[PDB]
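Participant: First the structure, which I've put down as C-alpha cells, then a few questions once you've had a look.
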Amino acid sequence: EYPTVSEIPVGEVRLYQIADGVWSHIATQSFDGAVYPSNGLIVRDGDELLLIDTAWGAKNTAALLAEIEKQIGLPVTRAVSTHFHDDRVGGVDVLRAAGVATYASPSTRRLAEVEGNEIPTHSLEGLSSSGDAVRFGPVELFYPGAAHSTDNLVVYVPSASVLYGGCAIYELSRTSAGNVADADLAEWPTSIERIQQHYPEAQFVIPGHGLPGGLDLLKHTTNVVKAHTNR
Ligand SMILES: COc1ccc(Cc2sc(N)nc2C(=O)O)cc1
Ligand SMILES: [Zn+2]
Ligand SMILES: [Zn+2]
C-alpha cells in the first residue's frame, strides 16, 4: 500500500517499488503551516541509479540517499530536477556533497537563482520549446509547456510505461488547485494534452504529491485547473 502523509514523519523517506528497477520516493515537509507529502523517482541506469527530484529539503534528501543505500545498494550518480521549487531542488547541495551530478533545464536554473533556491550544476540542452524531449540514460525527459510552472518537466520510463508528472499532475483526492503562484493556468490544460499526446501508452502516472494512477490523472488535473480559471 502506498504511503500517505500521515505515516511519514518529517525527516524520513520511503521507497516504493513501481516496476522492475523503478521506485518512487516519498517524503513530507511543512509549507505555509501544514505538512504535505511529495514524490520523486528513482530509475536504475545500468549499474547506477538516476534520481528524479530531491526529497524536498536537505534533511529529507540525506535520508533518501541513505534509504537508497540500504534498500537498493547501487550508487546514485545523476539527478534531474523537474522545476525550480524547493520540493524539486531543495537538497541539491547535499546531493552535490554526496557526489551526485545534478542537472536541470537552463530555465529551471535561472529561476532557482531568482528565488534564492539551490541551483543544479549542469544545464540540460534541448528542452527549450514546448514539445522538446531528450534521452537521459534510461528515461526520456519531456517539456510539455507551462503548467504548474513555466519550466516544469515530466519524465517517462520507456521500459516500464511509467510517467512522472511532477507537480503538473494532481492526485484524484486533490480537488483544490492549491498554490499556483508561478503557474500559467492558461496554457496548463494544453500542456496536459501535450502529455497525453506524446505518452498515450503510460500504464502508470505519478503526480508530484500523493497517490499514483493511470492516464485519468491527466484529465482530473485539467478539470481542477478549469474549475479555478472560472472561479
Ligand atoms: C496532495 O496534497 C497536497 C496538497 C497541497 C500541496 C501544495 C504544495 S506544497 C509543495 N512543495 N508543492 C505543492 C503543490 O501543489 O505542487 C501539495 C500536496
Ligand atoms: Zn512546484
Ligand atoms: Zn509541488
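Note on naming: chains are A, B, ... as they come in the C-alpha cells, residues start from 1 per chain, ligands start from 1 in the order shown.
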Fewer than 3 positions away in the same chain doesn't count, so skip those; otherwise give me all residues within 9 Å of residue 119 of chain A, counting only C-alpha atoms, as an mmCIF file with C-alpha atoms, in the first residue's frame.

Facilitator:
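Output contents, as saved in part_10.cif:
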```
data_model
loop_
_atom_site.group_PDB
_atom_site.id
_atom_site.type_symbol
_atom_site.label_atom_id
_atom_site.label_comp_id
_atom_site.auth_asym_id
_atom_site.auth_seq_id
_atom_site.Cartn_x
_atom_site.Cartn_y
_atom_site.Cartn_z
ATOM 1 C CA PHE A 84 12.714 25.173 -9.593
ATOM 2 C CA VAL A 89 15.914 21.427 -5.788
ATOM 3 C CA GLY A 90 15.868 21.513 -2.039
ATOM 4 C CA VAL A 92 20.775 19.679 -4.358
ATOM 5 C CA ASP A 93 23.698 20.774 -2.200
ATOM 6 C CA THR A 102 22.951 17.445 -10.698
ATOM 7 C CA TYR A 103 21.043 18.615 -13.752
ATOM 8 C CA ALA A 104 18.177 20.868 -14.834
ATOM 9 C CA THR A 108 14.887 25.957 -14.111
ATOM 10 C CA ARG A 109 18.441 27.025 -13.187
ATOM 11 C CA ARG A 110 17.748 30.737 -13.790
ATOM 12 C CA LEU A 111 14.510 30.587 -11.791
ATOM 13 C CA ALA A 112 16.076 28.867 -8.789
ATOM 14 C CA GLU A 113 18.685 31.624 -8.800
ATOM 15 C CA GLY A 116 17.152 32.043 -3.867
#
```

Participant: Restrict the calculation to only C-alpha atoms and all ligand atoms, then for each residue of chain A with any atom at most 8 Å from an atom of ligand 3 give the closest atom pair and their distance in Å to one decimal, rows by chain and rising residue number, as a tab-separated table.

Facilitator:
```
residue	atom	partner	partner_atom_place_in_ligand_line	distance
A:38	CA	ligand 3	1 (Zn)	7.0
A:85	CA	ligand 3	1 (Zn)	7.2
A:87	CA	ligand 3	1 (Zn)	5.8
A:88	CA	ligand 3	1 (Zn)	7.7
A:166	CA	ligand 3	1 (Zn)	7.3
A:167	CA	ligand 3	1 (Zn)	4.6
A:208	CA	ligand 3	1 (Zn)	5.8
A:209	CA	ligand 3	1 (Zn)	6.6
```

Participant: Report as a ChimeraX atom specification: the residues of segment 49-217 of chain A with a DSSP assignment of strand (DSSP E or B), based on the backbone of this structure.

Facilitator: /A:49-52,76-80,101-104,122-123,133-136,139-142,154-157,162-166,204-207,213

Participant: Those residues with N, CA and C atoms, as an mmCIF file, in the first residue's frame please?

Facilitator:
```cif
data_model
loop_
_atom_site.group_PDB
_atom_site.id
_atom_site.type_symbol
_atom_site.label_atom_id
_atom_site.label_comp_id
_atom_site.auth_asym_id
_atom_site.auth_seq_id
_atom_site.Cartn_x
_atom_site.Cartn_y
_atom_site.Cartn_z
ATOM 1 N N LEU A 49 22.146 4.529 -10.508
ATOM 2 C CA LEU A 49 20.772 4.977 -10.379
ATOM 3 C C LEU A 49 20.660 6.423 -10.826
ATOM 4 N N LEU A 50 19.505 6.754 -11.403
ATOM 5 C CA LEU A 50 19.169 8.111 -11.819
ATOM 6 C C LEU A 50 18.086 8.645 -10.896
ATOM 7 N N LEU A 51 18.309 9.830 -10.340
ATOM 8 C CA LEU A 51 17.395 10.407 -9.362
ATOM 9 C C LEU A 51 16.551 11.472 -10.049
ATOM 10 N N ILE A 52 15.235 11.334 -9.963
ATOM 11 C CA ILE A 52 14.346 12.360 -10.445
ATOM 12 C C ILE A 52 13.808 13.055 -9.211
ATOM 13 N N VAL A 76 23.892 6.436 -6.426
ATOM 14 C CA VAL A 76 23.197 7.469 -7.188
ATOM 15 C C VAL A 76 24.256 8.359 -7.824
ATOM 16 N N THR A 77 24.243 8.480 -9.162
ATOM 17 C CA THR A 77 25.272 9.230 -9.908
ATOM 18 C C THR A 77 24.770 10.469 -10.633
ATOM 19 N N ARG A 78 23.501 10.524 -11.013
ATOM 20 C CA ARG A 78 22.956 11.734 -11.589
ATOM 21 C C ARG A 78 21.586 11.985 -10.991
ATOM 22 N N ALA A 79 21.193 13.268 -10.991
ATOM 23 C CA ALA A 79 19.852 13.713 -10.612
ATOM 24 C C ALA A 79 19.368 14.764 -11.601
ATOM 25 N N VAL A 80 18.050 14.821 -11.782
ATOM 26 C CA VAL A 80 17.375 15.786 -12.651
ATOM 27 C C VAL A 80 16.253 16.405 -11.843
ATOM 28 N N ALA A 101 26.055 14.081 -9.722
ATOM 29 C CA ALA A 101 25.990 15.096 -10.755
ATOM 30 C C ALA A 101 24.542 15.599 -10.927
ATOM 31 N N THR A 102 24.301 16.891 -10.675
ATOM 32 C CA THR A 102 22.951 17.445 -10.698
ATOM 33 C C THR A 102 22.686 18.186 -11.998
ATOM 34 N N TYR A 103 21.432 18.133 -12.442
ATOM 35 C CA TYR A 103 21.043 18.615 -13.752
ATOM 36 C C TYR A 103 19.672 19.284 -13.724
ATOM 37 N N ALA A 104 19.453 20.173 -14.691
ATOM 38 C CA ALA A 104 18.177 20.868 -14.834
ATOM 39 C C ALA A 104 18.208 21.720 -16.092
ATOM 40 N N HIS A 122 24.485 21.443 -13.885
ATOM 41 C CA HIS A 122 24.567 21.225 -15.313
ATOM 42 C C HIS A 122 23.261 21.586 -15.979
ATOM 43 N N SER A 123 23.376 22.213 -17.135
ATOM 44 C CA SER A 123 22.223 22.606 -17.910
ATOM 45 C C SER A 123 21.848 21.468 -18.833
ATOM 46 N N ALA A 133 12.082 16.942 -26.341
ATOM 47 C CA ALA A 133 12.381 15.814 -25.478
ATOM 48 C C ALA A 133 13.817 15.393 -25.717
ATOM 49 N N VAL A 134 14.456 14.853 -24.682
ATOM 50 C CA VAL A 134 15.812 14.326 -24.814
ATOM 51 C C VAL A 134 15.921 13.032 -24.009
ATOM 52 N N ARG A 135 16.842 12.179 -24.430
ATOM 53 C CA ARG A 135 17.080 10.902 -23.783
ATOM 54 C C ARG A 135 18.149 11.100 -22.725
ATOM 55 N N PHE A 136 17.792 10.818 -21.476
ATOM 56 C CA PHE A 136 18.707 10.929 -20.346
ATOM 57 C C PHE A 136 18.875 9.539 -19.732
ATOM 58 N N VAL A 139 15.758 7.111 -19.390
ATOM 59 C CA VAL A 139 14.476 7.801 -19.379
ATOM 60 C C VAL A 139 14.466 8.779 -20.524
ATOM 61 N N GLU A 140 13.284 9.323 -20.746
ATOM 62 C CA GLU A 140 13.093 10.400 -21.674
ATOM 63 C C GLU A 140 12.532 11.552 -20.873
ATOM 64 N N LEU A 141 13.210 12.696 -20.965
ATOM 65 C CA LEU A 141 12.762 13.947 -20.383
ATOM 66 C C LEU A 141 11.972 14.684 -21.449
ATOM 67 N N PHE A 142 10.890 15.325 -21.035
ATOM 68 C CA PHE A 142 9.923 15.885 -21.965
ATOM 69 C C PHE A 142 9.367 17.171 -21.387
ATOM 70 N N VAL A 154 8.283 16.619 -17.284
ATOM 71 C CA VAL A 154 7.867 15.282 -16.903
ATOM 72 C C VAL A 154 8.911 14.330 -17.458
ATOM 73 N N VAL A 155 8.893 13.116 -16.940
ATOM 74 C CA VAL A 155 9.864 12.087 -17.294
ATOM 75 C C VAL A 155 9.041 10.872 -17.662
ATOM 76 N N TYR A 156 9.495 10.115 -18.648
ATOM 77 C CA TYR A 156 8.875 8.838 -18.983
ATOM 78 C C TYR A 156 9.927 7.750 -18.911
ATOM 79 N N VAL A 157 9.540 6.599 -18.378
ATOM 80 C CA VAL A 157 10.485 5.494 -18.306
ATOM 81 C C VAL A 157 10.039 4.457 -19.326
ATOM 82 N N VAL A 162 6.060 3.964 -17.209
ATOM 83 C CA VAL A 162 5.869 4.840 -16.053
ATOM 84 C C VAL A 162 6.038 6.274 -16.546
ATOM 85 N N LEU A 163 5.128 7.166 -16.129
ATOM 86 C CA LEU A 163 5.165 8.576 -16.489
ATOM 87 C C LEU A 163 5.149 9.381 -15.205
ATOM 88 N N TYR A 164 6.179 10.204 -15.010
ATOM 89 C CA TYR A 164 6.317 11.010 -13.808
ATOM 90 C C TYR A 164 5.849 12.432 -14.137
ATOM 91 N N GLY A 165 4.762 12.857 -13.477
ATOM 92 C CA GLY A 165 4.122 14.104 -13.843
ATOM 93 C C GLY A 165 4.709 15.323 -13.185
ATOM 94 N N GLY A 166 5.456 15.134 -12.094
ATOM 95 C CA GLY A 166 5.899 16.274 -11.339
ATOM 96 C C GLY A 166 4.676 17.026 -10.863
ATOM 97 N N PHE A 204 1.214 3.867 -15.956
ATOM 98 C CA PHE A 204 1.328 4.290 -14.558
ATOM 99 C C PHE A 204 1.816 5.737 -14.527
ATOM 100 N N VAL A 205 1.037 6.612 -13.900
ATOM 101 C CA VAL A 205 1.328 8.038 -13.854
ATOM 102 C C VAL A 205 1.460 8.431 -12.390
ATOM 103 N N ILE A 206 2.502 9.197 -12.078
ATOM 104 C CA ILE A 206 2.864 9.563 -10.717
ATOM 105 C C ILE A 206 2.787 11.088 -10.581
ATOM 106 N N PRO A 207 1.972 11.629 -9.687
ATOM 107 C CA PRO A 207 1.947 13.079 -9.512
ATOM 108 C C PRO A 207 3.081 13.514 -8.597
ATOM 109 N N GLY A 213 -1.439 6.605 -10.254
ATOM 110 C CA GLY A 213 -2.607 6.288 -11.057
ATOM 111 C C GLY A 213 -2.359 5.935 -12.511
#
```

Participant: Show me a table, sorted first by chain and then by increasing residue number, of the residues of chain A having an atom at most 9 Å from ligand 1, each with its shortest atom pair and the distance in Å to one decimal, counting only C-alpha atoms and all ligand atoms and written as CSV.

Facilitator:
```
residue,atom,partner,partner_atom_place_in_ligand_line,distance
A:5,CA,ligand 1,2 (O),8.3
A:29,CA,ligand 1,11 (N),7.6
A:30,CA,ligand 1,9 (S),7.7
A:31,CA,ligand 1,9 (S),5.9
A:32,CA,ligand 1,9 (S),8.4
A:35,CA,ligand 1,9 (S),8.1
A:36,CA,ligand 1,18 (C),5.0
A:37,CA,ligand 1,18 (C),5.8
A:38,CA,ligand 1,18 (C),6.8
A:56,CA,ligand 1,11 (N),7.1
A:85,CA,ligand 1,11 (N),6.9
A:86,CA,ligand 1,11 (N),6.3
A:87,CA,ligand 1,11 (N),4.6
A:88,CA,ligand 1,11 (N),7.9
A:148,CA,ligand 1,16 (O),7.2
A:166,CA,ligand 1,16 (O),8.1
A:167,CA,ligand 1,16 (O),4.6
A:168,CA,ligand 1,16 (O),7.4
A:169,CA,ligand 1,16 (O),8.6
A:170,CA,ligand 1,1 (C),7.0
A:171,CA,ligand 1,1 (C),6.2
A:172,CA,ligand 1,1 (C),8.7
A:173,CA,ligand 1,1 (C),7.4
A:174,CA,ligand 1,1 (C),5.8
A:176,CA,ligand 1,4 (C),8.0
A:177,CA,ligand 1,15 (O),7.0
A:178,CA,ligand 1,5 (C),5.4
A:179,CA,ligand 1,15 (O),5.7
A:180,CA,ligand 1,15 (O),7.4
A:207,CA,ligand 1,1 (C),8.5
A:208,CA,ligand 1,16 (O),6.5
A:209,CA,ligand 1,1 (C),4.6
A:210,CA,ligand 1,1 (C),4.6
A:211,CA,ligand 1,1 (C),7.7
```

Participant: Let me make sure I understand: among A:70, A:220, A:226, A:83, which one has the smallest atom-to-atom distance to ligand 2 if we use only C-alpha atoms and all ligand atoms?

Facilitator: A:83

Participant: So, with only C-alpha atoms and all ligand atoms as the atoms that count, which of A:67, A:202, A:147, A:74 lies closest to ligand 2?

Facilitator: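 Under the stated criterion, the closest residue is A:147.
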